[PDB]
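1. make a model of this:
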Amino acid sequence: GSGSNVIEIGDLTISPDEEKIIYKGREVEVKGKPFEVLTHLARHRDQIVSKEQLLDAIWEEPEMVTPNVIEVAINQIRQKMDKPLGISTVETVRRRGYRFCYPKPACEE
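-> Numbers count the residues shown, from 1 in each chain. For reference, the structure is listed below:
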């Protein structure tokens, strides 16, 4: 019996309590601001989400959050994760907005 938080998305395991990320056996600790919106959406959205949907989904920041907070969280996080992990987390689509889907096999066309 252990008392901690542990969430997994597809093939990735990340913990909010310890704000740590585990991918392919690789552990990476992220202490960013957007890390919350991304993480939460990674275990709550784990799929295609809309810019507005996500904004209202977390809406952690005050009225000064602005709708741009989404793009800022994705860019910052991507560079603080997708960069060091050379992987893809959130895919910006002109359809809905942003889709959170952590791959694994990394098999492209």
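2. pull out the buried positions in the lengthiest helix in the chain.
-> Using DSSP state H to define each element, the chain has its longest helix at helix 69-80. Buried residues in helix 69-80, counted by 16 or more other C-beta atoms under 10 Å: 69, 70, 73, 74, 77, 78, 80. All C-beta spots, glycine's among them, are computed from the backbone N, C-alpha and C.
3. I'd like the next helix or strand past it.
-> Helices and strands here follow DSSP states H and E; after helix 69-80, the next one along the chain is strand 90-92.
4. quick one: distance of the helix or strand that that following strand is followed by to the chain centre.
-> On the C-terminal side of strand 90-92, the closest following helix or strand by DSSP H and E is strand 97-100. Relative to the chain's own centre, strand 97-100 is displaced by 10 Å; criterion: C-alpha atoms, centre = their mean, to the nearest Å.
5. how far away is the closest residue to residue 98 other than its chain neighbours from residue 28?
-> With sequence-adjacent residues excluded and distances taken as C-beta to C-beta, 6 or more residues apart in numbering, residue 98 is closest to residue 90, at 4.9 Å. Noted for residue 90: a distance of 16 Å to residue 28, by C-beta to C-beta, to the nearest Å.
6. quick one, which of these two is more surrounded?
-> residue 90 (25 against 13; other C-beta atoms under 10 Å).
7. and the residue minimising distance to the centre of the chain, which helix or strand is it part of?
-> With distances taken as C-alpha atoms, centre = their mean, residue 38 lies nearest the centre of the chain, 2.9 Å away. Assigned by DSSP H and E, residue 38 falls within helix 35-44.
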